[PDB]
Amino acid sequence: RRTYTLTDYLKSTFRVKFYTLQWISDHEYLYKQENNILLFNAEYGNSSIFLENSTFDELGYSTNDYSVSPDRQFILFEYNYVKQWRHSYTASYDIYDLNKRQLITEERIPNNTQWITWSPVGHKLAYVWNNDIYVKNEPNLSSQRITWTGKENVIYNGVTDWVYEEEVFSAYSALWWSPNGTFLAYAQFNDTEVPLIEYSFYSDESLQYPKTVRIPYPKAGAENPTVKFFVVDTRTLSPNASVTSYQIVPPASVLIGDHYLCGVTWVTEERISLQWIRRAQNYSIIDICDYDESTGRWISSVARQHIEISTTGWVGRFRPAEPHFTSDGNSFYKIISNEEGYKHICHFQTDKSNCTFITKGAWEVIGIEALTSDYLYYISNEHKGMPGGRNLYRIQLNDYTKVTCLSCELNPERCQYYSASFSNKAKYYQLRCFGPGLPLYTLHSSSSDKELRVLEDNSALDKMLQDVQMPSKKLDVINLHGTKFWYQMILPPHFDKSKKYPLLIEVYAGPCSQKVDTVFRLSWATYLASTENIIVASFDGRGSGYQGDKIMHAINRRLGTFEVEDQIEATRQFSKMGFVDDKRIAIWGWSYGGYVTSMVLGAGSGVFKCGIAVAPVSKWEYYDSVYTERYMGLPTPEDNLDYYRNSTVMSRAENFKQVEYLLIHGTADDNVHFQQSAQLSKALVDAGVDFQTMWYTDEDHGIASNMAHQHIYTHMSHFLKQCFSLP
């Protein structure tokens, strides 16, 4: 039998199918099948053609994305996709009238449109062009300019700046329409005082001189972008009328210093919830503002303010959890840490300070999925006490004792990791099972919890993998300093416990990380285990997520310590097992995992023979302010300079003399600048350490271009085989 090869992984010969749908009502959803947009009815099972694939072929361009207006009268077509950062992109847009089956030719959406969104009702459009907001009440009508402040690299209206995109919102959008489209709320980011990150972009071979990319990027302790939040009354939008807008300022408790807007949630047409966090990120406030009909003001009240603090570390996981409001908006449900340090759902009253915990246990709620008048639906890792598992649960709002696991025992051996998507009134839901077995996509009714149908079962993939010697993924526990921690091992086929196998540690180990889960993956590790007979292990120690604040906050204000030390002690234990060759142990990782790899290799433990660090952080002062300060505080002698100073990979340069090290980085990395790797290599050169490098010209943080992706894993495979004396 054949094995899962490098070619198999790189050329994606074994395809994992999925089922992406867009709920457009309480019982209907849109699905793209063979480039046709089909409208499926969950209530009866039947489907109809919403838009024929023949309309796509006549557009004159490839349709990578579509958006149907909520009233189903128009469709937005995305073409000329020009990717910027992780979520940002500029594109050209066409509006197709579904009523008259014609394409809008007059007053079109301009070229280089940064972001575009329909109103939640009707067919109003709000788009961002040249860092300014424009509103089209009708797709054939002229757009109305909302903002005049927009300036390239300086002022951003309706779109995030670099750091808000990467670390705060995890989205390029900073526009929020009110439920009935009366109001268009937006954030304004001012990057005037933010220093620029500059690096060379070489472009195509024909470009004689390289260009200098300049991005306002705040590094740890640097000047941060400022934010302003406005609510525009779209009703007064007329060509010869001024823009009616009200600026909502944060509460005094956060307004006294540097802050961030971390969340926006429309409650009703006349009530908006704003979530602000201080720059320290151990203090968060929810300010619920009400519209005054007589003045047009959005008034805040002390009674409507909800504080969330952390004394042991930071607020939330990567940000405070979002409030989930009732239809009336008089109460909300939010994930907060309890007295025991576990992240659970608390029920809050909009005008009262006290909350009531509706969930409890030595496990955590991942997210609130849906909320009806009677039920709340959520994802948690409660099942079998596995933090690497995910299941859908429903809690009765009048009786918190009545909790049902909707997904737990559907396919207990095949399915332990779930995600869910609910219909408009949470009447139906799609369940997404990601592993340990082949991913399974199913549809359910919320009333009966009956499985209506199997949307995708990956049967084509099952047939393909029968002819291949696939590796086995084993999940287990080990005890480190009296605490039980989880590990996983991708084991080679025909695994013999008497034989001694080489071991490769795959690491992330970042604050709130989870490398150990039940997700099915056709990864590079699959190839290493299947073809090269390498055990690929991962471990979640101190600082990892979804196991309580005690474990998560263990690395507070001391990144590069416990999580690094735990990777070494876990490997020492793995090597004690008689099936591991102690002479052939390697460690590798990307981003935070590249930093951990490097801090592990610089620890001088003697455990690891070699390691591969891909685009790693080398010194926390070089990384962005939002992420870094959340865990480290400020790099001032008054705050945490000392722990910033002794957590650099450079300070461990001398120990690298005992290992084989491969350092990889993309030159056009906007996130973890090439500077990080360039400063690390320099220190190793100064320490007299031999190591290997690999720069990837014009590649960003992902090193995800088709040719670069293939090259990096082929390079990493050669290095590992050299290190493990493998042909």
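Start at 1 with the first residue shown and count on from there.
Look at the mean CA B-factor for 270-278 and for 74-82 in the entry; the higher one is 74-82. Averaged over their C-alpha atoms, the temperature factors of 543-551 and 137-145 are higher for 137-145. Taking the PDB entry at face value, the top CA B factor among 165, 382, 462, 624 belongs to 462. When the C-alpha B-factors of 208, 423, 88, 242 are ranked from the entry, the top spot goes to 88. Ranked against the other modelled residues of its chain, the C-alpha B-factor of residue 96 as given in the entry falls in the highest third.
Annotation for residue 57: C-alpha temperature factor in the highest third relative to the rest of the modelled chain, per the entry.
When the modelled residues of the chain are ordered by C-alpha B-factor, residue 680 sits in the lowest third. Among the modelled residues of the chain, residue 686 sits in the middle third by CA temperature factor in this PDB entry. When the modelled residues of the chain are ordered by their C-alpha B factor, residue 519 lands in the middle third.
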